[PDB]
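Comments concern the structure below.
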Amino acid sequence: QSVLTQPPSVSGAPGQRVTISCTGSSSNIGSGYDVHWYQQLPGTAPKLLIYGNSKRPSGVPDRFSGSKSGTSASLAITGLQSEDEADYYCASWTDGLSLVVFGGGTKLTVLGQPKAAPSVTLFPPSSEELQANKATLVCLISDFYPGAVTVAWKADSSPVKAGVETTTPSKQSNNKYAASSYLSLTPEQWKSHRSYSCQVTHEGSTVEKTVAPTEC
Amino acid sequence: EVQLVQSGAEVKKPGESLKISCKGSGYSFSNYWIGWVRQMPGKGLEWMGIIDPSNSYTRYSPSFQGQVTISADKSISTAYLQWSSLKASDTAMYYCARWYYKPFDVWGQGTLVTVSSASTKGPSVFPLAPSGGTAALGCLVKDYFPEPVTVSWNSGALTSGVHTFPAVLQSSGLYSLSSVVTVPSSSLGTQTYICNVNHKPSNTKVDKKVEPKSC
């Protein structure tokens with residue numbers, strides 16, 4: 001059970017400096033194995049960024065650096081550029097049950113535009129869908145930045161996790177982000193509760209919309 | 001130039017067997033171990049296993065042990081990842097990469113594997129009926145297979161304020177997406193809004209008019 005721990009997200013503005021930690025146990029980093037770092041741009045294969053704790057492959061700018069002290073590995077990026085926006089993974093050989101382990105990854109956001117809270121629109125099931133014996137609540141999330149949200153659904157006030165599908169945010173034509181979340185219900189499920197809620201959490205702040213079967 | 005080239009995208013059904021490949025060029029394939037890595041949509045990289053192609057020594061993550069077979073044919077510089085019985089949850093991107101003095105310095109381009117029990121099926125299109133004098137309306141494009149669908153509004157004449165979301169692959173094995181448009185509130189009723197949904201794999205064309213609720 002060897003584990004490499006990374007922060008889920010880091011952010012910095014263009015031209016600024018960020019660091020990404022990668023901390024291990026004693027099977028991976030404690031035994032003394034080297035840590036390596038991978039950069040994965042959206043829609044691409046991962047790319048080796050740093051190997052052997054601190055070495056750069058040819059072509060990797062000296063803006064990127066790495067170090068490892070005991071069980072603690074770190075990747076530093078100075079002079080942040082918009083092309084640096086990506087997911088970053090540390091990895092190591094280990095002595096444990098898994099010969100190779102990856103950290104959970106770090107989403108790096110380069111804060112090149114202002115933060116914007118999401119606009120939430122919750123559509124109730126259409127008449128057409130209900131006559132087809134189905135019910136889908138459609139929660140549309142628009143005009144937010146950075147492009148990361150958490151969505152939770154509520155039946156009355158109780159959390160519902162079954163029947164939920166949510167998309168990864170992607171860019172609108174106006175360069176802000178949008179996402180969608182769906183709650184699939186039987187018409188009976190829809191009719192039997194007083195109200196349903198889509199709760200969208202963005203940068204620690206929650207915006208919620210509510211629909212009711214009895215309302216119009 | 002050192003490269004790893006993977007086989008093309010796969011669309012399969014639960015229970016089917018599948019063997020995907022990773023071909024090395026520009027280096028001695030037998031001399032370096034090949035790792036396989038899973039990436040489920042929106043998630044992190046997960047190490048699956050590794051193979052020494054020289055002697056076929058293979059090790060797996062405890063999570064993948066017994067679920068998959070890694071093998072290699074060093075005579076043709078190819079490593080393989082194999083399932084005897086695909087699960088829907090095997091839907092993911094799969095990468096190979098070589099363990100080198102610079103570890104995983106070279107990665108394959110990835111193989112997308114989609115596993116769904118669905119046959120080809122055209123979508124049902126449902127209207128999503130309608131902030132500073134504007135109203136949001138849209139179309140729910142539900143339960144289709146396979147990708148892709150295309151959506152336009154008013155035959156392509158409405159492009160301003162349109163956003164068509166990426167599809168979700170549901171637990172049913174079918175895709176669903178939505179397309180939304182922001183329009184002036186004052187134009188509702190007086191101006192007609194139609195979403196045009198095309199799904200080629202099933203020769204499906206659907207036009208759905210989206211009209212106000214009127215409460």
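Please note that chains go A, B, ... in the order of the structure tokens, that every chain numbers its residues from 1, and that ligands are numbered from 1 in the order shown.
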
List every residue of chain A that has an atom at most 8 Å from any atom of chain B, giving for each one its closest atom pair and the distance in Å to one decimal, counting only C-alpha atoms, sorted by chain and then by ascending residue number, as a tab-separated table.
```
residue	atom	partner	partner_atom	distance
A:36	CA	B:103	CA	7.4
A:44	CA	B:109	CA	7.6
A:45	CA	B:109	CA	5.7
A:46	CA	B:107	CA	7.1
A:47	CA	B:105	CA	7.1
A:48	CA	B:105	CA	5.3
A:51	CA	B:102	CA	5.8
A:52	CA	B:102	CA	7.5
A:57	CA	B:102	CA	7.8
A:89	CA	B:45	CA	7.9
A:97	CA	B:62	CA	6.9
A:98	CA	B:61	CA	5.1
A:99	CA	B:59	CA	7.6
A:100	CA	B:47	CA	6.5
A:101	CA	B:47	CA	6.4
A:102	CA	B:46	CA	6.6
A:104	CA	B:44	CA	5.9
A:105	CA	B:44	CA	6.0
A:121	CA	B:136	CA	7.7
A:123	CA	B:128	CA	6.4
A:126	CA	B:127	CA	6.5
A:128	CA	B:126	CA	6.4
A:129	CA	B:126	CA	6.4
A:165	CA	B:168	CA	6.7
A:166	CA	B:168	CA	7.1
A:167	CA	B:168	CA	6.3
A:168	CA	B:42	CA	6.6
A:170	CA	B:165	CA	7.9
A:172	CA	B:163	CA	6.5
A:173	CA	B:163	CA	7.7
A:178	CA	B:165	CA	7.8
A:179	CA	B:165	CA	7.1
A:180	CA	B:165	CA	7.2
A:216	CA	B:215	CA	6.0
```

Item to complete: From stretch 20-109 of chain A, collect each residue whose DSSP state is strand (DSSP E) and return the set as JSON, numbers by chain.
Response: {"A": [20, 21, 22, 23, 35, 36, 37, 38, 39, 40, 47, 48, 49, 50, 64, 65, 66, 67, 68, 69, 72, 73, 74, 75, 76, 77, 86, 87, 88, 89, 90, 91, 92, 93, 100, 101, 102, 106, 107, 108, 109]}

Worksheet item: Can you tell me, as a list in words, what residues are no more than 10 Å from residue A:95 when counting only C-alpha atoms, ignoring any on the same chain fewer than 4 positions away?
Response: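 Residues near the query, excluding close chain neighbours: residues 2, 26, 27, 28, 29, 30, 31, 33, 99 and 100 of chain A.
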
Discussion item. Residues of stretch 46-123 of chain B classed as helix (DSSP H, G or I) by DSSP on the backbone are to be reported as a ChimeraX atom specification.
Written reply: /B:74-76,88-90

Just-selected residues, C-alpha atoms written as a PDB file, in the first residue's frame:
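Generated output (result07.pdb):
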```
ATOM      1  CA  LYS B  74       9.900  -9.182 -28.710  1.00  0.00           C
ATOM      2  CA  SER B  75      10.449 -10.568 -32.248  1.00  0.00           C
ATOM      3  CA  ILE B  76       8.132  -7.815 -33.546  1.00  0.00           C
ATOM      4  CA  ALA B  88     -18.306  -1.416 -18.908  1.00  0.00           C
ATOM      5  CA  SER B  89     -16.031   0.116 -16.238  1.00  0.00           C
ATOM      6  CA  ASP B  90     -13.012  -0.726 -18.450  1.00  0.00           C
TER       7      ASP B  90
END
```

Discussion item. Which residues are close to residue B:150, i.e. within 10 Å by only C-alpha atoms, leaving aside same-chain residues fewer than 6 positions away? Reply as a list in words.
Written reply: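 Here the qualifying residues turn out to be residues 141, 164, 179, 196, 197, 198, 199, 200 and 205 of chain B.
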
Can you check which parts of stretch 67-87 of chain A lie within 8 Å of stretch 109-116 of chain A? Per residue, the shortest pair of atoms and distance in Å to one decimal, counting only C-alpha atoms, sorted by chain and number, as CSV.
```
residue,atom,partner,partner_atom,distance
A:80,CA,A:110,CA,7.2
A:81,CA,A:110,CA,7.2
A:82,CA,A:110,CA,5.9
A:84,CA,A:110,CA,7.4
A:85,CA,A:109,CA,5.4
A:86,CA,A:109,CA,7.3
```

Worksheet entry | Gap from atom CA of residue B:113 to atom CA of residue B:16 - Å, one decimal | 12.1 Å

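Note that atom CA of residue A:187 and atom CA of residue A:156 are 15.7 Å apart.
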
Worksheet item: How many Å separate atom CA of residue A:134 from atom CA of residue B:144?
Response: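 The value is 15.1 Å.
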
Fill in: Residue contacts of residue B:118 (7 Å, only C-alpha atoms) excluding same-chain residues fewer than 3 positions away, as a list in words
residues 145, 173 and 174 of chain B

Discussion item. Calculated over only C-alpha atoms, which of the candidates A:8, A:15, A:43, A:96 has the smallest distance to residue A:148?
Written reply: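 Among the listed residues, the smallest separation from residue A:148 belongs to A:8.
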